[PDB]
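**Q** Below is a structure I'd like to ask you about.
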Amino acid sequence: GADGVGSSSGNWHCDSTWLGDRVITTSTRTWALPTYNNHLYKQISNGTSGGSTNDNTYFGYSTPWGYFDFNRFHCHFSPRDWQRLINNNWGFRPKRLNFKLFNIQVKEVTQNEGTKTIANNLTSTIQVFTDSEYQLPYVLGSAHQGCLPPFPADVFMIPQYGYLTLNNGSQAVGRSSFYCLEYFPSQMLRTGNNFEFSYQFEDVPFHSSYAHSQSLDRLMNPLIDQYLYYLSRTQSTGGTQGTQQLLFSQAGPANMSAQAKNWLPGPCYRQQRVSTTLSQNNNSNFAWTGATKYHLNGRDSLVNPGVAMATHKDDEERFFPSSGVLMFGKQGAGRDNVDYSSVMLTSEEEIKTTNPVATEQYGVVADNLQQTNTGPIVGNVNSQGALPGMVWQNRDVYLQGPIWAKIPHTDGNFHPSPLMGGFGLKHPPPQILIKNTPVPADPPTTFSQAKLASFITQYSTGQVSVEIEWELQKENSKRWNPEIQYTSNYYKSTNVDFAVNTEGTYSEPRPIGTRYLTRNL
Amino acid sequence: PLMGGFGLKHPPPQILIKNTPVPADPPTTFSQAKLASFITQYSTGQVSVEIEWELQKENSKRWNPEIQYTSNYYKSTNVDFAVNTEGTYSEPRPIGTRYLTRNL
């Protein structure tokens, strides 16, 4: 080894490099791993016998271990480096990543009455194992808090680990699995050690970063008619009587709606439409009641976000689907009943081309069968499954949103793109679990059967580094006039955006979409 | 540069240094906010710098003596450019760089 506490195991690399198509972006932060659950696995459950309803019942365990979550973009891209990505490129996908712990140091805190003193414990060691066979519940991708902070000057606290399993009410059915974490081979790192591992993403499709320049129904040619015919009129034209006759015509630029087309909009699953204008919405609480839910195993679940769908039609920015759009918070936003002004509502408007309005009917079909005595009748289709000849475009990843998700290992899936966005992976980056090694206090002089319940209060810190080597899909486009670009406000402001304020508080003002450059549908 | 000294299009690169912040006890229950409690700390050490200079040697045929920078010959209460009774190093006067003479 020849290392010891005399040296620093690792150096600080926060550098990002743009090389040809590749772009290699690394980071580092400072983490403090608190002791969890006094080192006790615990069964946790929430029953429907309490005030909880049948939807909120869960069962599972909360482990002492804790896990690193880097899954979000803003970890790995500075708001400038995310500008060079969305402005200059069509698509990007990862290739490989690399991960390092270093400069690990441990501390143990004592209490004499009020006094509080904090010393180093050289002997104590921490346990790190990457779960590479996916043999645990993979809990990343559910958009939990605790990701590496955006702004490198922040020190973050590693979030606790724990999982859920099959429940029936509060109780547990027979198949409930219990995973004891200490049961996996886990390298132990002392202060002189570093930890490192490499991972190489599977081939995964380039995420689409462009807004189509042509709505799906305008793919026609404006000059020339079409050779096909449609049924224009069933009634006698230009007469005092409407006696029925079948008339046909050709579908030209005069009426473009009737022109035959080779494709269909993406699938549609309706959402209730809520207006930011307060006077327009109904006066009531319809939030949960009139929400769009799916019913599984007798447990209702609100559909958040829902499939990628255009947020609103043109000349209305105020309407948004109830649970449809991703919703972030502003810096320092309360957890409960936060006012509207403290949250940010992303907008899908770039997909209005190929995907339907979220809040409106997908289409209209005939309910009945006509007769001389009985006129035709047509109803709305709210939820339209996928049909052949349907093209849809995936939701764009945001700076704040997650990078990936694990496609569940099940027999059947249809175009497995995670709803929140980001690359679905059949073998995601393996999560990492880390814990202090519990160091017991004085055992008694006389042996006794029970396990030692008195532990030495302890927590450790260190520097963690991650690179993610990305592939950029370069952009070649002949469009004459200028594009749209993501640009900072030119007008004077009280404090700079995406940068600290007087208190030292880093505040990201607004979400940053990935779609700006344009392409032909 | 107006203050004098060599203007450089790529000067000596400045050096930035900071302690690595070491956080105090985080709470038992996880919480979103960054850790606001740090362990008061400061570091010390020895820094060394050399600067290798080139001197332009002086060749001059002037007959009579030059002017030279010389310390005061008369007795003084304490030595200039050196500590005083309190241990206080005091530079008494500024020292120009121009003494030797040359033909315009």
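So you can find residues: chains in the structure tokens are A, B, ... in the order shown, residues in each start at 1, and ligands are numbered from 1 in order.
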Applying 10 Å and only C-alpha atoms, which residues near residue 102 in chain B remain after dropping the ones on its own chain fewer than 3 positions away? List them as a tab-separated table (two decimals) with C-alpha atoms, in the first residue's frame.
**A**
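Result went into part-v8.tsv, see below:
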```tsv
chain	number	residue	atom	x	y	z
B	58	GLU	CA	26.79	47.32	-17.09
B	59	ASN	CA	29.68	48.59	-19.22
B	60	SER	CA	30.28	52.30	-19.02
B	61	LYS	CA	33.28	54.54	-19.69
B	62	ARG	CA	32.19	57.49	-17.54
B	99	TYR	CA	21.21	55.32	-9.87
```
**Q** Counting only C-alpha atoms, a student should be able to say which residues of chain B come within 7 Å of chain A; what is the right answer, written as a ChimeraX atom specification?
**A** /B:23,26-28,30,32,34-35
**Q** Would you kindly return, as a PDB file with N, CA, C and O atoms, in the first residue's frame, each protein, DNA or RNA residue with an atom no farther than 9 Å from any atom of range 65-81 of chain B, considering only C-alpha atoms and excluding same-chain residues fewer than 4 positions away?
**A**
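This is the output file out06.pdb:
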```
ATOM      1  N   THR B  85      13.570  48.001  19.189  1.00  0.00           N
ATOM      2  CA  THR B  85      13.495  47.391  20.512  1.00  0.00           C
ATOM      3  C   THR B  85      12.267  46.506  20.659  1.00  0.00           C
ATOM      4  O   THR B  85      12.341  45.421  21.242  1.00  0.00           O
ATOM      5  N   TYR B  89      10.029  45.317  12.608  1.00  0.00           N
ATOM      6  CA  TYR B  89      10.815  45.591  11.415  1.00  0.00           C
ATOM      7  C   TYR B  89      10.242  46.788  10.681  1.00  0.00           C
ATOM      8  O   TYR B  89       9.057  46.811  10.353  1.00  0.00           O
ATOM      9  N   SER B  90      11.083  47.780  10.411  1.00  0.00           N
ATOM     10  CA  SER B  90      10.626  49.042   9.847  1.00  0.00           C
ATOM     11  C   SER B  90      11.526  49.440   8.689  1.00  0.00           C
ATOM     12  O   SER B  90      12.714  49.696   8.891  1.00  0.00           O
ATOM     13  N   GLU B  91      10.956  49.510   7.486  1.00  0.00           N
ATOM     14  CA  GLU B  91      11.680  50.025   6.333  1.00  0.00           C
ATOM     15  C   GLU B  91      11.546  51.538   6.314  1.00  0.00           C
ATOM     16  O   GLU B  91      10.427  52.046   6.167  1.00  0.00           O
ATOM     17  N   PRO B  92      12.631  52.289   6.485  1.00  0.00           N
ATOM     18  CA  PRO B  92      12.485  53.739   6.677  1.00  0.00           C
ATOM     19  C   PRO B  92      12.067  54.503   5.435  1.00  0.00           C
ATOM     20  O   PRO B  92      11.295  55.461   5.550  1.00  0.00           O
ATOM     21  N   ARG B  93      12.560  54.136   4.258  1.00  0.00           N
ATOM     22  CA  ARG B  93      12.390  54.975   3.081  1.00  0.00           C
ATOM     23  C   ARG B  93      12.279  54.095   1.850  1.00  0.00           C
ATOM     24  O   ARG B  93      12.751  52.953   1.855  1.00  0.00           O
ATOM     25  N   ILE B  95      13.203  52.800  -1.949  1.00  0.00           N
ATOM     26  CA  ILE B  95      14.478  52.637  -2.628  1.00  0.00           C
ATOM     27  C   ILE B  95      14.218  52.564  -4.119  1.00  0.00           C
ATOM     28  O   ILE B  95      13.676  51.569  -4.612  1.00  0.00           O
ATOM     29  N   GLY B  96      14.636  53.591  -4.843  1.00  0.00           N
ATOM     30  CA  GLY B  96      14.491  53.594  -6.282  1.00  0.00           C
ATOM     31  C   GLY B  96      15.440  52.619  -6.939  1.00  0.00           C
ATOM     32  O   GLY B  96      16.357  52.083  -6.326  1.00  0.00           O
ATOM     33  N   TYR B  99      20.043  54.607 -10.357  1.00  0.00           N
ATOM     34  CA  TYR B  99      21.214  55.316  -9.871  1.00  0.00           C
ATOM     35  C   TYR B  99      22.268  55.405 -10.960  1.00  0.00           C
ATOM     36  O   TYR B  99      22.691  56.505 -11.329  1.00  0.00           O
ATOM     37  N   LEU B 100      22.709  54.259 -11.463  1.00  0.00           N
ATOM     38  CA  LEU B 100      23.685  54.250 -12.538  1.00  0.00           C
ATOM     39  C   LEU B 100      23.222  55.132 -13.682  1.00  0.00           C
ATOM     40  O   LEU B 100      22.027  55.300 -13.912  1.00  0.00           O
ATOM     41  N   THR B 101      24.171  55.733 -14.382  1.00  0.00           N
ATOM     42  CA  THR B 101      23.832  56.676 -15.429  1.00  0.00           C
ATOM     43  C   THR B 101      24.245  56.135 -16.785  1.00  0.00           C
ATOM     44  O   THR B 101      25.118  55.279 -16.905  1.00  0.00           O
TER      45      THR B 101
END
```
**Q** Calculate how many Å separate CA of residue 223 in chain A from CA of residue 210 in chain A, rounding to one decimal.
**A** 27.2 Å
**Q** Excluding range 173-181 of chain A and its own-chain neighbours fewer than 6 positions away, which residues fall within 10 Å of it when counting only C-alpha atoms? Please give them as a tab-separated table (two decimals) with N, CA and C atoms, in the first residue's frame.
**A**
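Below is the file that was written, result-v4.tsv:
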```tsv
chain	number	residue	atom	x	y	z
A	41	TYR	N	-31.93	-2.85	11.57
A	41	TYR	CA	-33.03	-3.04	10.65
A	41	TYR	C	-34.34	-2.95	11.41
A	43	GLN	N	-38.77	-3.22	10.90
A	43	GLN	CA	-39.99	-3.30	10.12
A	43	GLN	C	-40.77	-2.01	10.25
A	59	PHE	N	-45.50	-1.76	3.54
A	59	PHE	CA	-44.80	-2.65	4.43
A	59	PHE	C	-43.37	-2.79	3.93
A	60	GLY	N	-42.43	-2.87	4.85
A	60	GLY	CA	-41.05	-3.00	4.47
A	60	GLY	C	-40.13	-2.64	5.61
A	61	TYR	N	-38.85	-2.55	5.28
A	61	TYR	CA	-37.80	-2.40	6.26
A	61	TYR	C	-36.99	-1.15	5.98
A	63	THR	N	-33.25	0.16	6.64
A	63	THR	CA	-31.94	-0.37	6.96
A	63	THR	C	-31.03	0.71	7.52
A	64	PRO	N	-29.98	0.34	8.24
A	64	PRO	CA	-29.00	1.34	8.68
A	64	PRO	C	-28.13	1.85	7.57
A	65	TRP	N	-28.05	1.14	6.45
A	65	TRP	CA	-27.19	1.52	5.35
A	65	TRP	C	-27.68	2.81	4.70
A	129	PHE	N	-20.11	-1.46	-0.79
A	129	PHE	CA	-20.24	-2.49	-1.81
A	129	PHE	C	-21.18	-2.01	-2.88
A	135	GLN	N	-29.38	-7.49	-7.11
A	135	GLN	CA	-30.03	-8.48	-6.27
A	135	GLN	C	-30.80	-7.85	-5.13
A	136	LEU	N	-30.88	-6.53	-5.10
A	136	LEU	CA	-31.62	-5.77	-4.11
A	136	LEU	C	-32.69	-4.97	-4.81
A	137	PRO	N	-33.67	-4.46	-4.08
A	137	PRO	CA	-34.56	-3.48	-4.68
A	137	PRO	C	-33.74	-2.30	-5.16
A	163	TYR	N	-36.51	-0.19	1.91
A	163	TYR	CA	-37.28	-0.65	0.77
A	163	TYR	C	-38.65	-1.12	1.21
A	164	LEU	N	-39.53	-1.28	0.22
A	164	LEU	CA	-40.88	-1.75	0.44
A	164	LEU	C	-41.07	-3.10	-0.23
A	165	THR	N	-42.03	-3.86	0.28
A	165	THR	CA	-42.27	-5.20	-0.21
A	165	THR	C	-43.77	-5.43	-0.22
A	166	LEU	N	-44.20	-6.61	-0.64
A	166	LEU	CA	-45.62	-6.91	-0.72
A	166	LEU	C	-46.29	-6.73	0.63
A	167	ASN	N	-47.42	-6.04	0.62
A	167	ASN	CA	-48.23	-5.88	1.81
A	167	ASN	C	-49.66	-6.28	1.51
A	433	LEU	N	-24.06	1.15	-1.60
A	433	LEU	CA	-24.50	1.23	-0.22
A	433	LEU	C	-23.28	1.38	0.67
```
**Q** Which residues are close to residue 104 in chain A, i.e. within 12 Å by only C-alpha atoms, leaving aside same-chain residues fewer than 4 positions away? Reply as an mmCIF file with N, CA, C and O atoms, in the first residue's frame.
**A**
```
data_model
loop_
_atom_site.group_PDB
_atom_site.id
_atom_site.type_symbol
_atom_site.label_atom_id
_atom_site.label_comp_id
_atom_site.auth_asym_id
_atom_site.auth_seq_id
_atom_site.Cartn_x
_atom_site.Cartn_y
_atom_site.Cartn_z
ATOM 1 N N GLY A 4 -1.181 5.219 4.105
ATOM 2 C CA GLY A 4 -1.274 5.757 5.448
ATOM 3 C C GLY A 4 -2.056 7.047 5.527
ATOM 4 O O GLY A 4 -2.431 7.615 4.501
ATOM 5 N N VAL A 5 -2.299 7.532 6.744
ATOM 6 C CA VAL A 5 -2.981 8.806 6.924
ATOM 7 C C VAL A 5 -2.113 9.983 6.530
ATOM 8 O O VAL A 5 -2.573 11.126 6.576
ATOM 9 N N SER A 7 -1.076 10.846 3.695
ATOM 10 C CA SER A 7 -1.298 11.316 2.340
ATOM 11 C C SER A 7 -2.772 11.530 2.066
ATOM 12 O O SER A 7 -3.641 11.104 2.824
ATOM 13 N N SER A 8 -3.048 12.071 0.889
ATOM 14 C CA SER A 8 -4.414 12.268 0.445
ATOM 15 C C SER A 8 -4.610 11.207 -0.612
ATOM 16 O O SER A 8 -3.862 11.149 -1.583
ATOM 17 N N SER A 9 -5.614 10.364 -0.422
ATOM 18 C CA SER A 9 -5.894 9.280 -1.351
ATOM 19 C C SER A 9 -6.290 9.742 -2.746
ATOM 20 O O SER A 9 -5.882 9.155 -3.739
ATOM 21 N N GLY A 10 -7.090 10.794 -2.821
ATOM 22 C CA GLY A 10 -7.545 11.288 -4.103
ATOM 23 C C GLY A 10 -7.525 12.789 -4.283
ATOM 24 O O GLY A 10 -7.559 13.551 -3.328
ATOM 25 N N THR A 30 -18.585 16.757 -1.077
ATOM 26 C CA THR A 30 -18.216 16.353 0.272
ATOM 27 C C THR A 30 -19.448 15.828 0.990
ATOM 28 O O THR A 30 -20.486 16.495 1.020
ATOM 29 N N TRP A 31 -19.331 14.636 1.565
ATOM 30 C CA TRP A 31 -20.455 13.930 2.159
ATOM 31 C C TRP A 31 -20.157 13.555 3.595
ATOM 32 O O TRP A 31 -19.019 13.265 3.950
ATOM 33 N N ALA A 32 -21.200 13.542 4.415
ATOM 34 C CA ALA A 32 -21.086 13.198 5.825
ATOM 35 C C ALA A 32 -22.102 12.118 6.134
ATOM 36 O O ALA A 32 -23.305 12.373 6.087
ATOM 37 N N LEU A 33 -21.628 10.934 6.474
ATOM 38 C CA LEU A 33 -22.506 9.785 6.563
ATOM 39 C C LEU A 33 -22.883 9.556 8.013
ATOM 40 O O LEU A 33 -22.055 9.058 8.781
ATOM 41 N N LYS A 100 -15.439 7.216 -7.569
ATOM 42 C CA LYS A 100 -14.339 7.132 -6.623
ATOM 43 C C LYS A 100 -14.716 7.754 -5.297
ATOM 44 O O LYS A 100 -15.223 8.875 -5.255
ATOM 45 N N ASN A 120 -11.214 12.315 16.101
ATOM 46 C CA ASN A 120 -11.019 11.341 15.042
ATOM 47 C C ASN A 120 -10.809 9.970 15.651
ATOM 48 O O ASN A 120 -10.170 9.838 16.696
ATOM 49 N N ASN A 121 -11.329 8.954 14.978
ATOM 50 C CA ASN A 121 -11.134 7.584 15.395
ATOM 51 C C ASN A 121 -10.390 6.953 14.238
ATOM 52 O O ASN A 121 -10.988 6.636 13.225
ATOM 53 N N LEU A 122 -9.093 6.741 14.388
ATOM 54 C CA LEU A 122 -8.309 6.171 13.299
ATOM 55 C C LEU A 122 -8.696 4.749 12.927
ATOM 56 O O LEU A 122 -8.737 4.391 11.757
ATOM 57 N N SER A 124 -11.655 3.034 13.223
ATOM 58 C CA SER A 124 -12.962 2.787 12.609
ATOM 59 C C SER A 124 -12.932 2.767 11.097
ATOM 60 O O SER A 124 -12.240 3.551 10.465
ATOM 61 N N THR A 125 -13.703 1.852 10.527
ATOM 62 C CA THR A 125 -13.753 1.671 9.088
ATOM 63 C C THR A 125 -15.182 1.625 8.570
ATOM 64 O O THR A 125 -16.106 1.302 9.304
ATOM 65 N N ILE A 126 -15.354 1.942 7.294
ATOM 66 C CA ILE A 126 -16.670 1.981 6.686
ATOM 67 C C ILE A 126 -16.716 0.954 5.574
ATOM 68 O O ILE A 126 -15.682 0.557 5.030
ATOM 69 N N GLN A 127 -17.927 0.531 5.238
ATOM 70 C CA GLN A 127 -18.170 -0.588 4.344
ATOM 71 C C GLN A 127 -18.837 -0.079 3.086
ATOM 72 O O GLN A 127 -19.833 0.639 3.157
ATOM 73 N N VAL A 128 -18.300 -0.458 1.941
ATOM 74 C CA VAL A 128 -18.816 -0.016 0.660
ATOM 75 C C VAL A 128 -18.925 -1.229 -0.237
ATOM 76 O O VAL A 128 -17.945 -1.958 -0.412
ATOM 77 N N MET A 188 -14.153 -3.143 2.766
ATOM 78 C CA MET A 188 -14.086 -2.265 3.935
ATOM 79 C C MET A 188 -12.959 -1.273 3.736
ATOM 80 O O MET A 188 -11.837 -1.656 3.434
ATOM 81 N N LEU A 189 -13.282 0.001 3.880
ATOM 82 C CA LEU A 189 -12.313 1.044 3.652
ATOM 83 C C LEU A 189 -11.918 1.753 4.914
ATOM 84 O O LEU A 189 -12.762 2.267 5.637
ATOM 85 N N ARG A 190 -10.625 1.762 5.185
ATOM 86 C CA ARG A 190 -10.094 2.506 6.312
ATOM 87 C C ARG A 190 -9.700 3.899 5.799
ATOM 88 O O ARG A 190 -9.837 4.197 4.617
ATOM 89 N N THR A 191 -9.157 4.753 6.651
ATOM 90 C CA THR A 191 -8.819 6.098 6.203
ATOM 91 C C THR A 191 -7.820 6.147 5.046
ATOM 92 O O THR A 191 -7.899 7.024 4.208
ATOM 93 N N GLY A 192 -6.855 5.248 5.024
ATOM 94 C CA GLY A 192 -5.876 5.202 3.956
ATOM 95 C C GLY A 192 -6.337 4.657 2.613
ATOM 96 O O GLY A 192 -5.617 4.764 1.631
ATOM 97 N N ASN A 193 -7.513 4.044 2.568
ATOM 98 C CA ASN A 193 -8.023 3.430 1.354
ATOM 99 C C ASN A 193 -8.867 4.383 0.510
ATOM 100 O O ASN A 193 -9.467 5.340 1.000
ATOM 101 N N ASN A 194 -8.925 4.079 -0.779
ATOM 102 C CA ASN A 194 -9.898 4.639 -1.695
ATOM 103 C C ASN A 194 -10.718 3.519 -2.314
ATOM 104 O O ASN A 194 -10.326 2.353 -2.283
ATOM 105 N N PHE A 195 -11.863 3.875 -2.880
ATOM 106 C CA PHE A 195 -12.753 2.920 -3.525
ATOM 107 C C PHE A 195 -13.025 3.377 -4.942
ATOM 108 O O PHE A 195 -13.244 4.563 -5.177
ATOM 109 N N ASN A 436 -21.107 3.143 8.286
ATOM 110 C CA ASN A 436 -20.083 3.027 9.311
ATOM 111 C C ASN A 436 -20.052 1.608 9.847
ATOM 112 O O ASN A 436 -21.077 0.930 9.904
ATOM 113 N N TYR A 459 -19.704 9.207 13.006
ATOM 114 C CA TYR A 459 -20.080 9.527 11.639
ATOM 115 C C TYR A 459 -18.815 9.793 10.853
ATOM 116 O O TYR A 459 -17.822 10.245 11.414
ATOM 117 N N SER A 460 -18.862 9.558 9.552
ATOM 118 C CA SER A 460 -17.676 9.705 8.728
ATOM 119 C C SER A 460 -17.934 10.674 7.589
ATOM 120 O O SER A 460 -19.079 10.985 7.263
ATOM 121 N N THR A 461 -16.851 11.159 6.987
ATOM 122 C CA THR A 461 -16.930 12.095 5.877
ATOM 123 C C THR A 461 -15.883 11.732 4.839
ATOM 124 O O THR A 461 -14.975 10.940 5.092
ATOM 125 N N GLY A 462 -16.008 12.331 3.664
ATOM 126 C CA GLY A 462 -15.062 12.071 2.599
ATOM 127 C C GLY A 462 -15.499 12.727 1.309
ATOM 128 O O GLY A 462 -16.530 13.394 1.238
ATOM 129 N N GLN A 463 -14.694 12.508 0.278
ATOM 130 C CA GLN A 463 -14.895 13.126 -1.019
ATOM 131 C C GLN A 463 -15.223 12.033 -2.020
ATOM 132 O O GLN A 463 -14.482 11.055 -2.126
ATOM 133 N N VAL A 464 -16.310 12.202 -2.764
ATOM 134 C CA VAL A 464 -16.749 11.232 -3.757
ATOM 135 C C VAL A 464 -16.699 11.868 -5.136
ATOM 136 O O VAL A 464 -17.107 13.019 -5.306
ATOM 137 N N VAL B 22 -14.992 20.459 7.006
ATOM 138 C CA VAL B 22 -15.288 19.184 7.646
ATOM 139 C C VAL B 22 -16.526 19.332 8.515
ATOM 140 O O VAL B 22 -16.477 19.989 9.560
#
```
**Q** Pick from A:499, A:456, A:390, A:75: nearest to residue 264 in chain A, with only C-alpha atoms counted?
**A**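 Nearest candidate to residue 264 in chain A out of A:499, A:456, A:390, A:75: A:390.
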**Q** Write out as a PyMOL selection string which residues come within 10 Å of residue 515 in chain A when counting only C-alpha atoms, dropping same-chain ones fewer than 3 positions away.
**A** chain A and resi 86-87+89-91+208-212+348+350-351+395-398+484-486+512+518
**Q** For range 252-254 of chain A, list every protein, DNA or RNA residue within 12 Å, evaluated using only C-alpha atoms, and leave out those in the same chain fewer than 5 positions away; present the list as JSON, numbers by chain.
**A** {"A": [218, 220, 221, 222, 223, 224, 225, 226, 227, 228, 229, 230, 259, 260]}
**Q** Could those residues be written to a file, using N, CA, C and O atoms, as a PDB file, in the first residue's frame?
**A**
```pdb
ATOM      1  N   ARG A 218     -49.403  18.336 -41.072  1.00  0.00           N
ATOM      2  CA  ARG A 218     -49.028  19.249 -42.138  1.00  0.00           C
ATOM      3  C   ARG A 218     -47.959  18.699 -43.065  1.00  0.00           C
ATOM      4  O   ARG A 218     -47.415  19.453 -43.869  1.00  0.00           O
ATOM      5  N   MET A 220     -48.058  17.391 -45.683  1.00  0.00           N
ATOM      6  CA  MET A 220     -48.479  17.395 -47.077  1.00  0.00           C
ATOM      7  C   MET A 220     -47.648  18.388 -47.888  1.00  0.00           C
ATOM      8  O   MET A 220     -46.681  18.978 -47.408  1.00  0.00           O
ATOM      9  N   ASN A 221     -48.011  18.547 -49.161  1.00  0.00           N
ATOM     10  CA  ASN A 221     -47.468  19.561 -50.061  1.00  0.00           C
ATOM     11  C   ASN A 221     -48.530  20.616 -50.297  1.00  0.00           C
ATOM     12  O   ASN A 221     -49.633  20.277 -50.745  1.00  0.00           O
ATOM     13  N   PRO A 222     -48.265  21.886 -50.023  1.00  0.00           N
ATOM     14  CA  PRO A 222     -49.333  22.881 -50.122  1.00  0.00           C
ATOM     15  C   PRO A 222     -49.766  23.172 -51.532  1.00  0.00           C
ATOM     16  O   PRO A 222     -50.843  23.741 -51.715  1.00  0.00           O
ATOM     17  N   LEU A 223     -48.943  22.873 -52.530  1.00  0.00           N
ATOM     18  CA  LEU A 223     -49.280  23.274 -53.889  1.00  0.00           C
ATOM     19  C   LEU A 223     -50.228  22.292 -54.570  1.00  0.00           C
ATOM     20  O   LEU A 223     -51.244  22.695 -55.142  1.00  0.00           O
ATOM     21  N   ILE A 224     -49.927  21.001 -54.494  1.00  0.00           N
ATOM     22  CA  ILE A 224     -50.486  19.997 -55.393  1.00  0.00           C
ATOM     23  C   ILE A 224     -51.632  19.267 -54.713  1.00  0.00           C
ATOM     24  O   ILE A 224     -51.582  18.994 -53.511  1.00  0.00           O
ATOM     25  N   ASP A 225     -52.659  18.925 -55.485  1.00  0.00           N
ATOM     26  CA  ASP A 225     -53.744  18.116 -54.957  1.00  0.00           C
ATOM     27  C   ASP A 225     -53.274  16.682 -54.748  1.00  0.00           C
ATOM     28  O   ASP A 225     -52.109  16.338 -54.956  1.00  0.00           O
ATOM     29  N   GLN A 226     -54.199  15.835 -54.319  1.00  0.00           N
ATOM     30  CA  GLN A 226     -53.935  14.420 -54.138  1.00  0.00           C
ATOM     31  C   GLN A 226     -54.821  13.631 -55.082  1.00  0.00           C
ATOM     32  O   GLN A 226     -55.913  14.073 -55.446  1.00  0.00           O
ATOM     33  N   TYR A 227     -54.353  12.455 -55.484  1.00  0.00           N
ATOM     34  CA  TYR A 227     -55.155  11.694 -56.423  1.00  0.00           C
ATOM     35  C   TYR A 227     -56.308  10.976 -55.749  1.00  0.00           C
ATOM     36  O   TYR A 227     -57.331  10.733 -56.392  1.00  0.00           O
ATOM     37  N   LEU A 228     -56.187  10.650 -54.472  1.00  0.00           N
ATOM     38  CA  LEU A 228     -57.275   9.972 -53.790  1.00  0.00           C
ATOM     39  C   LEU A 228     -58.480  10.889 -53.636  1.00  0.00           C
ATOM     40  O   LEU A 228     -58.392  12.108 -53.764  1.00  0.00           O
ATOM     41  N   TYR A 229     -59.620  10.277 -53.370  1.00  0.00           N
ATOM     42  CA  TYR A 229     -60.871  10.977 -53.152  1.00  0.00           C
ATOM     43  C   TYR A 229     -61.363  10.706 -51.742  1.00  0.00           C
ATOM     44  O   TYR A 229     -60.952   9.744 -51.094  1.00  0.00           O
ATOM     45  N   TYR A 230     -62.243  11.570 -51.261  1.00  0.00           N
ATOM     46  CA  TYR A 230     -62.911  11.344 -49.994  1.00  0.00           C
ATOM     47  C   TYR A 230     -64.395  11.580 -50.189  1.00  0.00           C
ATOM     48  O   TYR A 230     -64.830  12.098 -51.216  1.00  0.00           O
ATOM     49  N   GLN A 259     -57.367  15.395 -46.273  1.00  0.00           N
ATOM     50  CA  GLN A 259     -56.346  14.690 -47.022  1.00  0.00           C
ATOM     51  C   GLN A 259     -55.889  13.463 -46.261  1.00  0.00           C
ATOM     52  O   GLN A 259     -55.679  13.505 -45.049  1.00  0.00           O
ATOM     53  N   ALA A 260     -55.754  12.360 -46.983  1.00  0.00           N
ATOM     54  CA  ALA A 260     -55.302  11.124 -46.372  1.00  0.00           C
ATOM     55  C   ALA A 260     -53.886  11.285 -45.849  1.00  0.00           C
ATOM     56  O   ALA A 260     -53.084  12.046 -46.390  1.00  0.00           O
TER      57      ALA A 260
END
```
**Q** DSSP on the backbone, strand (DSSP E) only: what residues of chain B does that give? Format it as JSON, numbers by chain.
**A** {"B": [82, 83, 89, 90]}
**Q** Could those selected residues go to a file with C-alpha atoms, as a compact mmCIF listing (two decimals), in the first residue's frame?
**A**
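Result file again.txt:
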```txt
# COMPACT_ATOMS: atom_id res chain seq x y z
CA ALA B 82 16.17 46.24 10.83
CA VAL B 83 14.18 45.52 13.92
CA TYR B 89 10.81 45.59 11.41
CA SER B 90 10.63 49.04 9.85
```
**Q** Using CA of residue 392 in chain A and CA of residue 476 in chain A as the two end points, give the distance in Å to one decimal.
**A**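 Calculated distance between CA of residue 392 in chain A and CA of residue 476 in chain A is 22.7 Å.
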**Q** Kindly indicate which residue among B:37, B:31, B:97, B:64 lies nearest to residue 5 in chain B, using only C-alpha atoms for the distances.
**A**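 Closest to residue 5 in chain B, using only C-alpha atoms: B:97.
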**Q** Write out as a compact mmCIF listing (two decimals) with N, CA and C atoms, in the first residue's frame all residues of range 311-446 of chain A that backbone DSSP assigns to helix (DSSP H, G or I).
**A**
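This went into out.txt:
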```txt
# COMPACT_ATOMS: atom_id res chain seq x y z
N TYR A 340 -48.68 28.48 -4.94
CA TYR A 340 -48.34 28.32 -6.34
C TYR A 340 -47.03 29.02 -6.68
N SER A 341 -46.81 30.20 -6.13
CA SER A 341 -45.68 31.01 -6.55
C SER A 341 -44.33 30.37 -6.23
N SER A 342 -44.29 29.39 -5.34
CA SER A 342 -43.03 28.78 -4.95
C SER A 342 -42.69 27.52 -5.73
N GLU A 349 -44.81 22.08 -24.54
CA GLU A 349 -45.34 22.61 -25.80
C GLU A 349 -44.55 22.19 -27.02
N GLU A 350 -43.29 21.77 -26.86
CA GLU A 350 -42.50 21.40 -28.03
C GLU A 350 -42.99 20.13 -28.71
N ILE A 351 -43.80 19.31 -28.05
CA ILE A 351 -44.27 18.07 -28.67
C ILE A 351 -45.65 18.19 -29.27
```
